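Spelled out from the first residue to the last, the chains are:
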Amino acid sequence: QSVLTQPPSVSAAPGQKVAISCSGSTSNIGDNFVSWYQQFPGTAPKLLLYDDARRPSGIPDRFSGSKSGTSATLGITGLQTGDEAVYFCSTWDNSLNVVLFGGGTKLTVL
Amino acid sequence: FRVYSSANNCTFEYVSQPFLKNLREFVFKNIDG
Amino acid sequence: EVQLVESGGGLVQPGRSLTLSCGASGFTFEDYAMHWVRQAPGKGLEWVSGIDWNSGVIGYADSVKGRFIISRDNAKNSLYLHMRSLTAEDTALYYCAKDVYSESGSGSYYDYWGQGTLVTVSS
Ligand SMILES: *[C@@H]1O[C@H](CO)[C@@H](O)[C@H](O)[C@H]1NC(C)=O
């Protein structure tokens, strides 16, 4: 059972570019699309991307990014003190046939 | 929109071009279903 | 305009079954393939079940196979998940997620999420 592998936590000063890497294998990310979800504390997670690049209307432009291979990546800039949240990488599996999810990475504004 | 309707399970549905100091006019007649 | 109401959330004892019965509003129900995603407190999301527009199930997570039964009625605009034989690890908050597609498994993105309900399983 392959599992998506996000970084446990991330920290960066405001303004810089922040990388969140969801690492998997050929069956999960190497063959299909990955989407990314944003969760604030005490809130229902919401769409922040899809099709590995595209963004839902309202999706922060500052947070965008696509990666190839077995890994996907999200890039963030203009980190406002409100952008502290948890980011999930969602993926489908072609072999085991069950949707996989990322562990979750929390973003801190220093 | 959405001020008129509240909820509904729909059966028929149709979409087309818009119907229209101007004078519109219509005749609505319902016969034989 | 898309509100997803939940139900059936409340403390349940370690061995009794339960029925979480999500709802819907403001969108065509029988066109979209709904889901059920849980989240244990202090942890990330864990997919629990899926379903399609024909109510042909997708499959359950490996940990909950043969003890969760997901169904739906497109007339009553609902999506039920009859938990059977719960345990300690099954405590979580259950979002009634959504899918844009009707086939669920070409790599789909789940748009709208309900506020979810909390199921706690303790003595
Ligand atoms: C709408 O749903 C109600 C309850 O199932 C049913 O009685 C009624 O016939 C339905 N209306 C139509 C025709 O969509």
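Along each chain, residues carry numbers from 1 upward in sequence order, and these need not match the entry's numbering; residues missing coordinates do not appear. Written order decides the labels, with chains lettered from A and ligands numbered from 1. Here the displayed chains are drawn from a larger assembly, and the quantities reported describe the displayed chains exclusively. For the side-chain quantities, the full set of heavy atoms in the structure was used; hydrogens and water were omitted. Residues with missing side-chain atoms are left out of burial classes, side-chain pairs and their counts.

- As stated in the entry header, the method of structure determination is cryo-EM and the reported resolution is 3.04 Å.

**Things to note about the interface of chain C and chain A**
Now for step 1: Across the boundary between the two partners, chain C contributes 18 residues, which contact 18 residues of chain A.
Now for step 2: Across the chain C/chain A interface, buried area totals approximately 1,500 Å², and carbon plus sulfur atoms make up 65% of it.
Now for step 3: Looking at the side of chain C facing chain A, the largest losses of area belong to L45(C), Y109(C) and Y110(C), adding up to 34% of the total buried there.
Now for step 4: A side-chain nitrogen of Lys or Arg and a carboxyl oxygen of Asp or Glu constitute a salt bridge if their distance falls within 4 Å. There are 0 salt bridges connecting chain C and chain A. Residue contacts are defined here by distance: any two heavy atoms, one from each residue, within 4.5 Å place the two residues in contact. Reported buried area values correspond to the accessible surface (1.4 Å probe) lost by two parts on association, with both partners' losses combined.

**Points about the sheet that holds strand β2 (residues 35–39) of chain C**
All names here are of chain C.
Now for step 1: Here a strand pair is declared whenever DSSP counts at least two bridges between the two strands. Numbering of helices and strands runs from the N terminus, with a helix taken as a DSSP run of H or I at least four residues long and a strand as a DSSP run of E at least two residues long. Pairing in this open sheet of 4 strands is antiparallel, and the strands run β3-β2-β6-β7 from one edge to the other. Where the open sheet ends on each side, the last strands, each with one partner, are β3 (45–50) and β7 (117–119). Geometrically, the sheet is characterised by an average inter-axis angle of 30 degrees between neighbouring strands, direction not taken into account. Every axis corresponds to a line fitted to the C-alpha atoms, with the helix fit spanning only the stretch in contact, and the corresponding angles, defined between N-to-C directions, vary from 0 to 180 degrees.

**Regarding the sheet that holds strand β1 (residues 18–22) of chain C**
Residue and element names in this part refer to chain C.
Now for step 1: The antiparallel open sheet is built from 3 strands, whose spatial order is β1-β5-β4. Looking at strand neighbours, the two that pair on one side only are β1 and β4 (68–73), the edges of this open sheet. The mean inter-strand angle of the sheet, taken between neighbouring strand axes irrespective of direction, is 20 degrees.
Now for step 2: As paired strands, β4 and strand β5 (residues 78–83) are joined by 6 bridges and run antiparallel to one another. Its bridge partner being in β5, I69 is matched across the sheet by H82.

**Points about the nonpolar core**
Now for step 1: What is meant by a nonpolar core is a set of buried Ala, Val, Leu, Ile, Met, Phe, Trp, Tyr and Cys residues, joined one to another through side-chain atoms within 4.5 Å. Exposure categories follow from relative accessible area, calculated using a 1.4 Å probe and restricted to protein chains: below 20% of the type maximum is buried, above 50% is exposed, and the middle band is partly exposed. Counting residues in hydrophobic clusters, the biggest one holds 35 residues, and the most contacted among them are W36(A), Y37(A), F101(A) and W113(C).
Now for step 2: Elements with a contribution of two residues or more to this core: β1 (9–12), β2 (18–23), β3 (34–39), β5 (71–76), β6 (86–91) and β7 (100–101) of chain A together with β3 of chain C.
Now for step 3: Residue contacts for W113(C): discarding those within four places in its chain leaves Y37(A), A44(A), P45(A), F101(A), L4(C), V37(C), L45(C), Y95(C), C96(C) and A97(C).
Now for step 4: One finds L4(C), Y60(C), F68(C) and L81(C) within the second-largest nonpolar core, a separate group that totals 25 residues.

**Quick look at the arrangement of the chains**
Now for step 1: For the non-touching pair chain A and chain B, the nearest C-alpha separation works out to 20 Å.
Now for step 2: Nowhere do chain B and chain C come into contact; their C-alpha atoms are at least 7 Å apart.

**Regarding the state of the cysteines**
Now for step 1: Here, a disulfide means two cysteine sulfur atoms that sit within 2.5 Å of each other. If you walk through the whole model with that rule in mind, you get 2 disulfides over all chains.
Now for step 2: Put simply, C22(A) and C89(A) are joined by a disulfide, and their sulfur atoms are 2.0 Å apart. When the S-S torsion is 60 degrees, as for the bridge of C22(A) with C89(A), the disulfide is right-handed. On the criterion of sequence distance, the pair formed by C22(A) in strand β2 and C89(A) in strand β6 is long-range, its members being 67 residues apart. Both residues of the pair, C22(A) and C89(A), count as buried.
Now for step 3: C22(C) supplies the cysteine sulfur nearest to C10(B), a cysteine that is in no disulfide, at a spacing of 20 Å.
Now for step 4: Classification of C10(B) by relative accessible area gives exposed; the value is 63%.

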